[PDB]
């Protein structure tokens, strides 16, 4: 271990810009060093997996749902006690939701009305439990597929409900906790047709009075794509819809190009530099738009915790702190942005 407790706090450095957050697993809440790091640098956390439907759901009775809240309570209480925000992540997603959720006791797919009724109870029960304690929810995650002509992912949600599951999720979440800021969250927001679909969906929801307050740009990006100016275009277009704030929700930056045969066992110094410069430019840009960009969260505490390593099966260095907790070139560039 080599954490440096003397260096500038990220979140304090960004005091007058925006909240700076971190995604962590449950183990981090009760690890002495992880905990100290989180509280030194961050004034928002997101539960990496522990507030998703597969983690909250225990099962069904003939008429309702049963839940397991004790780990998620630990997350929301951590945030309450240390006076930092917690973004709830996430209420409606095609991933990380049990297959039995879309089915009755007998395993038969639920009808539209029955699935919607189950969504409403779910959102009432989860959002209701944490009323007042969660500054922002990712209500709907990754509902857009730019390869479809109507722009909608053909998930079970969509197959069963058509697109009205989206708007209804926001309605019910806003009923269960009217002071939470509710987000539509997605990745690849710089893909041209995807950005358009996301923009039209949210504009249309807003036009009709659906209570969406925000777009979450995941920003799982890499050192070579997309450009900072592409990311800025998303921010401009999305925040052009009145009443739509921006959270940068799952920021990270791979050292690889997508689909690359490259494979590193230590990070090339030149890529670590390119990473620093790009992170700096991004954050200089974000400061410019702090009137609409309110919260920026990194998807991991430090590089060895990154989801990328297990997902794509090769070592990677996507964040601001190394495996030993030491500040990377990116950290120094970001504090000076």
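Residue numbers count along the first chain shown, from 1.
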State which stretch shows the higher mean Cα B factor in the entry: 72 to 80 or 216 to 224. 72 to 80
What stretch has the higher average Cα B-factor here, 248 to 256 or 263 to 271? 263 to 271
Could you place residue 52 in the lowest, middle or highest third of its chain by Cα temperature factor, using the values in the record? lowest
Binned into thirds over the chain's modelled residues, the C-alpha B-factor of residue 184 lands in the lowest
Among all modelled residues of this chain, ranked by Cα B factor, put residue 38 in the bottom, middle or top third, i.e. lowest, middle or highest. highest
Of the three thirds of the chain ranked by Cα temperature factor, residue 294 occupies the middle
Please say which third, lowest, middle or highest, residue 21 falls into when its CA temperature factor is compared across its chain. lowest
